[PDB]
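All of the numbers you see were taken from the coordinates with simple rules; none came from a lab. In this analysis, Cβ positions are derived from the backbone assuming ideal geometry, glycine residues included, and neighbour counts consider all displayed protein chains.
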Amino acid sequence: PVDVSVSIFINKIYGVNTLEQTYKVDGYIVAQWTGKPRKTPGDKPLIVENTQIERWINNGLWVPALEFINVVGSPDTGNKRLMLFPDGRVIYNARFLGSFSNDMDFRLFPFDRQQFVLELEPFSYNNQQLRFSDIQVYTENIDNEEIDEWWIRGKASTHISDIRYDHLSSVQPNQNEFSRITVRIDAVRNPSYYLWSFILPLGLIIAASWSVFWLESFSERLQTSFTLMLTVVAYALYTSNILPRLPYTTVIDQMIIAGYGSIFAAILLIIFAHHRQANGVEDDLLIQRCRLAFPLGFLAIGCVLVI
Amino acid sequence: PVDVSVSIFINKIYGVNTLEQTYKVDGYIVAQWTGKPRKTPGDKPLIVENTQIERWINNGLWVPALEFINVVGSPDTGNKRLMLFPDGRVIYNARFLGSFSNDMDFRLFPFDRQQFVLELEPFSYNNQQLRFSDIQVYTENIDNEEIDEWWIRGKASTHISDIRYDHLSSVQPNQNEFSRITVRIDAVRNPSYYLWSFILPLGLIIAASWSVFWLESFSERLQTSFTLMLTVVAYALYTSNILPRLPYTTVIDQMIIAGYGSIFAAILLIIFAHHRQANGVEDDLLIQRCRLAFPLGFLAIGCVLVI
Amino acid sequence: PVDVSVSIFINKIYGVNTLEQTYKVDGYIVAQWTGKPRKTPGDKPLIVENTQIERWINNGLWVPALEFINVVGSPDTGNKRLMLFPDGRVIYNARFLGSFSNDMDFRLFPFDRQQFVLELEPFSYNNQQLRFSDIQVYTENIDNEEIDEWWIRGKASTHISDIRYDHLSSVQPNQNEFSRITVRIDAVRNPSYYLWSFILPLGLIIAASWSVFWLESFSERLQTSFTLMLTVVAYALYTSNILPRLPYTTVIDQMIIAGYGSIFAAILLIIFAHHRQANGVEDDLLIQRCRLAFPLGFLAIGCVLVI
Amino acid sequence: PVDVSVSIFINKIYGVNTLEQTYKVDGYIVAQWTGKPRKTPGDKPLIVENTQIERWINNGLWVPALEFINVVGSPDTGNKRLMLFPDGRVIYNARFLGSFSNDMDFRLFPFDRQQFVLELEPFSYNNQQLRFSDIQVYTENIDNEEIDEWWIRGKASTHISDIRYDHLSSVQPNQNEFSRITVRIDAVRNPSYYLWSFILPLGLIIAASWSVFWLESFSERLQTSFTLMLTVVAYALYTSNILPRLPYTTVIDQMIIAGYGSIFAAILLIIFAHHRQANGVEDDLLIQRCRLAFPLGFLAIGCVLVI
Amino acid sequence: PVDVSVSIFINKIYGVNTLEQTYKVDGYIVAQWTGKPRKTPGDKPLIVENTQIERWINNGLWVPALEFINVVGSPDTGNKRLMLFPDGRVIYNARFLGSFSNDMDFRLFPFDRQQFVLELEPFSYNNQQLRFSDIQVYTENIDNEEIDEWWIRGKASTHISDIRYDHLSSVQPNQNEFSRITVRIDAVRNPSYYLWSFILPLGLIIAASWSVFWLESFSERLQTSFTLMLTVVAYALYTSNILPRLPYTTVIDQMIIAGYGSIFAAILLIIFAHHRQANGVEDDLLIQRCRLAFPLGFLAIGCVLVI
Ligand code: NA
């Protein structure tokens, strides 16, 4: 039951895909396992690069196929090489770029935390066991992470385990358990850009929406909410042309609905004030010290949406 | 007439394409069939991975080509292996990601139900018979399906059948019938996002459109419908920048037309009111208890478009 | 001079590209031609699948290369196989997906009819003759064509012909004439979506543009055309975000220009009315029974553009 | 020093890329050169298609690698064949689709003329000489060029020359001079669509911007320029959503800035008029026969931007 | 310990990717190293092109794999050849297009300077030493750089160095030090287009935002800021539909927030003026010689953001 050591060097985790829940990882993979010794030219280890590797497979060098369980579509494999040792051992080393899948909740957008994950397990072998797992995260904690879109939390986390496949066919004598390296990397989004360029102007617009009550007329008050309406939709356009498409409602997404709400609320008050009289055209006018009373009817409903 | 068992493991069904009617399926495929027995090294079954398989084909290992009938463009095949059994049997196992085609009606959007389908049939063989078909849907019912765009209904459904090709050339003695495994998976769209961030604000706008009749003037009434007009078109922009391009009119699509209609209706009434007199500038004013009479002339025409 | 029968099974014609004039075709191709007879194992015909075919070419099986003349870029070839008959004949069968080119006039958009075309001709041979051509269009006339973007007219049309290449070099004794199968398939666009969600609302906007004359003031009349202006541009934004980019002006495209026109016309009248007086501020007021006189100055100019 | 004749058949030049300066060319290439004579089966020349060619290379048929100097990324090569003549000569023929690079000035947009170019030079040889160059442009002058995006000027132009590479290493005895065929094709853009659907409406908007001065009030005048402002930006959105991204300012791009200018000009006049008095609220009113005086202050600054 | 000379010919550096920090490089690479001498046919050096090279590898020609350390995904390799010298030496020459990664700060947008970088280091070898590095930048200083998006600074910079890998396994006797050629090319963005078509009109809008104080009424003043608001958002849409998506805030990005600010400021003043009285409706009116006093409260806060 063969011992395989694995080391994995992660270069970039880049190109997240909000819709498909997908990221890209460029790096190298190394596997070492000891075999029946070999004469090498010199007595120095042998280097077998790229096209040459498949030649030795044809002369019966077993090299096991390790699968990226969670990869989406066969990865771009770079240079590969075998290092063949005289005293048996074999070291396989390749560069790769691959697209990987994990679960990603984006619901608390710009303020999401995420988890980039690798899953390695051999493609046809269960005795054949992943010995130890190492993970060298080139990219450091605080290089200059305010140029990069994500801030990585800790260092790489590991965990080798055993996976049981129930439904597998022609085997019974306890042989359905495969060795699986799992690598996690935690991260948080760089909530800058979205504050300064989304959250803030959305708020200014929301605020200045409320200054409708400081209009004197009723005709004035009613007519410029329709402009405020248009202003939200305009801003909705803007968000949409920038933000990552999703199938759920982000934080920003709600803020936007709050806008649509406050303004439709206003239209209700504003028309109510005018026809809540005894006479005829007595504007309630006492309502409009909701002037700065329903801004904090909103900061009330806005400090509620933090639970 | 050869017996082939098939097992198909579906990992994700992702990336639907509304326009092309097309989805992506990542998973593995397995085929097992028993041949004339063989000496394996040890007496343990043989593993033949990737490049090595095509070598055994050259020494006459038949391995039949099974075609994904409904795939659009040759699929990304990952690791493949042959497991060669001493007592004859052969088990072929590959990982794949492929783009598939089925019919998809999107007409009742955000509220559509769909059917993701696989079709497997051997590429050159009719005796040669798909024995039994299995389908292991990793993804469970209620994992956390409100992160995922779609909620899958039941478990996978099957159906092995026989397909007769009429127009096939140089054969007559009853040999035009091929074995075809067909897999279906039912699903419904996660109608959240579209309610909360589309149907709802469209409604608020439609509503507040109606508050035009609560304007005192006529000049007031006529002029702010043009702003309401602009507001629909603005919102039409927004839907368009988010929603899946189609060649028919979805539910949302109609709502948007209703907006355009209510507002063009308004312009008709509002101008009719002013010149339906018999003096000169007697505003009908009794019409404008359509104030909250043609909102439910719309909720009438809106409860009609469900049947 | 070799007889080659061809059959072509078309699965989907999808993914049209208005700019590049390009469509996608998924289907199978078959070629049969009879050779000098052969011993087949059994006396039943031989099946040679995929990788194995190129092996037989190396031992001198001629298999002719047939070219898709009008394809843009080498097509995605699926499974292929040779069926080798004992009595000589050979049947070549492959599945393919390829992007093809034909001339496409889009000028009368949503209402365009088109012609999807295949052109097959052998790549190096002129004696060597395409015997007969067959075309099985799986997709029927009225399946449910109102889910699909196009409605196909008839059945597939054929035509085998002879092509003469003038400028070809080292041959003169009358040998510049190649055999070419041509397949056509007619189609019309599903003019639905564009009526209901473009032609119509554009019309409503165009109409309600005209209700500017029913404004009392002059200041009223001039000021809200600027809003009508904005409304056309807003709608132009909308069409652009949805419709297929082209290098000519479609029907819809013109409608939009008509909008820009009627509104600029209005600004001319409206300003003329005010300063076509005798006194000073006598609004012509008789002009403004162009109220519902230049809507049918437009339906006049609109029933003219049906050439 | 080997004589190689080259013929190049151009099928489509399509898919221009304004940003990257890049077009696509689908066509065939032919090369003929005479070698030491050969026994062909029959005495008729030999046809070697596709996979078979590389076989002859391994038995020492030299076939030279000709490079597309100005291609971006290795091109899609279709069917290739060698025609092997008994009397020595060899004719290489392949179909190709490749993306090419040339310098492209887009500064005078919709009215740009361009030059589609091919550059062929052998990859490792300088004795080895391109004999003569031929270029058959299938696509004729006036087929129906008003469906196509570009109108090609002349016929294809040629030029075989000699290229000297200074910095090349291990050679000195005058051997740094390589044979290079260069093909040019001139073309002009189909300036239709952009006149009718961009230049014109931009003008109408620009014009109707000027009708601000025919407003009576000052408050009227100032307020509806802000709507005119919005109108330009609205139209800037529209251009952007349609026009090819570039890193310089096209003609249209300037027109748009003219708009922003005229309207910002207006705001200056309009506010100047009101406060350039000999009292308090005396509107200069004589200025506002810039009514139709600064439209031709613009047609003055607009006939300046042509030379 | 083998001496390898390298020459690198850069053709285009194009297609930058702001998000991913990524550019494309098309060019050629050359490596020369001297081996144990060889009989060449003739006594003239041997040319081994493309497919043929891998043949010589199989007969034991070492050719070392050199890695592009900083490339994102395996590059498109074009023609390759070996030139085999009788007196030992070997010259390897290939054409390539590759996507490369470097750190890119975009914070001072349109006015960013950048650094295009190549990193070459052998894939399995440390004795084996990069002799000297040469870099021929075809593209000159002032060709016509105002058609191109970037202006390159100097000429190519070099630097061969030694890299120590700490974590490498089965070696200790001082053998973890690899030879690495590093190429830099400096560049600045063509800040034209963004001045003329972004910075400028944003300024005009910003300016003309200030002409709100030259409105007489209060109702006038408050209502047309909402239109100014809309105007910023409209312009924000425009920038977003054109500019490169980033995860930080560019210069233009801030300007846009300034706009939102000045306009929200205005709304504060404008409402303050009206209700900062002694009496009731005394407009402060003395404030509104902030008319042209807070434009330079902004040019004050705008000359502060140059640090
Ligand atoms: Na857009």
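Working note: Karplus 6.51/-1.76/1.60 with θ = phi - 60° gives segment B:184-190 the couplings 10, 9, 8, 7, 10, 6, 5 Hz, where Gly and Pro are set to x.
Normalising the Debye intensity of segment B:181-248 to I(0), with uniform scatterers on Cα atoms only, and taking log10 at q = 0.19, 0.25 Å⁻¹ returns -0.87, -1.12. Springs join every pair of Cα atoms under 10 Å in this Gaussian network model of chain A, and among A:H275, A:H167, A:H159 the largest mean-square fluctuation is at A:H167. Taking the Cα centre of segment D:57-158 as origin and assigning +1 to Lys and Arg Cβ atoms and -1 to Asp and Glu Cβ atoms, the resulting dipole is close to 540 debye.
If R0 is taken as 35 Å, the Cβ-Cβ distance between A:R245 and E:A207 corresponds to a FRET efficiency of 0.45.
If you wrap the Cα atoms of segment B:98-252 in a convex hull and average its projected area over all directions, you get 14.5 nm².
A Cβ-based charge dipole, computed about the Cα centre of the protein assembly as shown with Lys and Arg at +1 and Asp and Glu at -1, lands at about 3320 debye.
A Förster distance of 30 Å, applied to the separation of the beta-carbon atoms of C:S192 and B:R164, puts the FRET efficiency at 0.30.
Spin-label model, B:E220/B:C303: points 7 Å from Cα along the beta carbon direction are separated by 3.2 nm. Sequence-distant contacts, meaning Cα pairs under 8 Å at least 6 residues apart, place the relative contact order of chain B at 17 percent. Within the listed set C:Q254, C:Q136, C:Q175, the residue fluctuating most in the Gaussian network model of chain C (springs between alpha-carbon atoms under 10 angstrom) is C:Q175. When chain D is treated as a GNM with alpha-carbon contacts under 10 Å, the residue of D:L204, D:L84, D:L66 showing the greatest mean-square fluctuation is D:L204. Sorting B:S99, D:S169, A:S197 by the number of Cβ atoms found within 10 Å of their own Cβ, with the fewest placed first, yields D:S169, B:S99, A:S197.
The antiparallel fraction among DSSP beta bridges confined to the protein assembly as shown stands at about 90%. Helices in chain E that qualify as membrane-span-like (whole DSSP H runs, Cα extent of at least 18 Å along the helix axis, mean Kyte-Doolittle hydropathy of 1.6 or higher) are E:251-275.
Near C:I69, the amide H atoms lying under 5 Å from its own belong to C:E119, C:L120, C:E121; only residues 5 or more places off or on other chains count, and H is placed 1.01 Å from N.
Helical content of chain C, expressed as a calculated mean residue ellipticity at 222 nm, amounts to -7500 deg cm²/dmol (DSSP H runs of 4 or more residues, -39,500 (n - 2.57) each, divided by residue number, nearest 500). Within 10 Å of the Cβ of each residue in A:240-246, the mean number of Cβ atoms contributed by other protein chains is 6. With q set to 0.17, 0.23, 0.27 Å⁻¹, the log10 of I(q)/I(0) for segment A:68-132, from the Debye formula over equal scatterers at the Cα positions, is -0.85, -1.16, -1.23.
Legend: ranking of residues B:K80, C:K39, A:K12, D:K155 from fewest to most surrounding C-beta atoms inside 10 Å; resulting order C:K39, D:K155, A:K12, B:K80. Can you compute the label reach from B:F132? Point 7 Å from Cα along the Cβ direction, backbone N cut-off under 19 Å, restricted to segment B:21-52. In segment B:21-52, the label zone of B:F132 (backbone N under 19 Å from the point 7 Å along Cα→Cβ) covers B:29-35. Stokes-Einstein diffusion for the protein assembly as shown, with the hydrodynamic radius set to the Kirkwood value over Cα pairs and evaluated at 25 °C in a medium of 0.890 mPa s, equals 66 µm²/s. Scalar couplings 3J(HN,Hα) for segment D:92-98, obtained by applying the Karplus form with A = 6.51, B = -1.76, C = 1.60 to θ = phi - 60°, are 10, 9, 9, 9, 8, 9, x Hz; x denotes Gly and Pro. Residues whose amide H lies under 5 Å from that of E:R153, counting only those 5 or more places away or on a different chain, are E:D186, E:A187, E:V188; hydrogens are built 1.01 Å from N in the peptide plane.
Shown in residue order for segment A:4-20 are the 3J(HN,Hα) couplings computed by the Karplus curve 6.51 cos²θ - 1.76 cosθ + 1.60 at θ = phi - 60°: 10, 7, 10, 10, 9, 10, 8, 8, 10, 10, 9, x, 6, 10, 3, 5, 7 Hz (x for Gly and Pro).
For D:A266, the shell of other residues with beta-carbons less than 12 Å away shows a net charge of +2, using +1 for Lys and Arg and -1 for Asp and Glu. Shortest first, D:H159 label-point distances to identical copies amount to 4.0, 4.1, 6.5, 6.6 nm, with the label point at 7 Å from Cα along Cα→Cβ. Each Cα pair under 8 Å and six or more residues apart adds its separation to the average, and for segment A:129-248 the resulting relative contact order is 21 percent. Across all directions, the average flat footprint of the convex hull enclosing the Cα atoms of chain A is 23.6 nm².
Beyond 26 Å in Cα-Cα separation lie the following of the pairs A:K24/D:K24; B:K44/B:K80; A:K36/A:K80; C:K24/D:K24; A:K24/B:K80: A:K24/D:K24.
Simple point charges give the picture: +1 on the Cβ of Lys and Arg, -1 on the Cβ of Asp and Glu, and for segment E:191-307 a dipole about the Cα centre of about 240 debye. Charges on Cβ only, +1 for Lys and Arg, -1 for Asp and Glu, centred on the Cα centroid of chain A; of A:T34, A:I271, A:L237, which one is farthest towards the dipole's positive end? Of the listed residues, the answer is A:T34. If you plug the beta carbon distance of E:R276 and A:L296 into 1/(1 + (r/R0)^6) with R0 = 25 Å, you get a FRET efficiency near 0.65. Tell me, how many Å apart are the Cα centres for segment C:191-215 and for segment B:198-252? Here the two parts' Cα centres lie 14 Å apart.
Distance between Cα centroids, segment D:57-128 to segment E:269-307: provide it in whole Å. Using only Cα atoms, the two centres lie 68 Å from each other. Peptide A:167-173 has a mean of 4 when you count, residue by residue, the C-beta atoms of other protein chains within 10 Å of its C-beta.
Each distinct pair of alpha carbons in segment C:1-116 adds a 1/r term; the inverse of their mean, the Kirkwood radius, is 16.3 Å. Take A:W62, push a point 7 Å out from Cα through the beta-carbon direction, and compare it with the same point in every other copy: 3.1, 3.1, 4.9, 5.0 nm, smallest first. For A:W196, the point set 7 Å out from Cα toward Cβ sits 2.9, 2.9, 4.7, 4.7 nm from its twins in the other copies, listed from shortest up. Note on segment E:159-227: dipole from Cβ charges, positive end direction compared against E:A207, E:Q172, E:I160; the farthest Cα belongs to E:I160.
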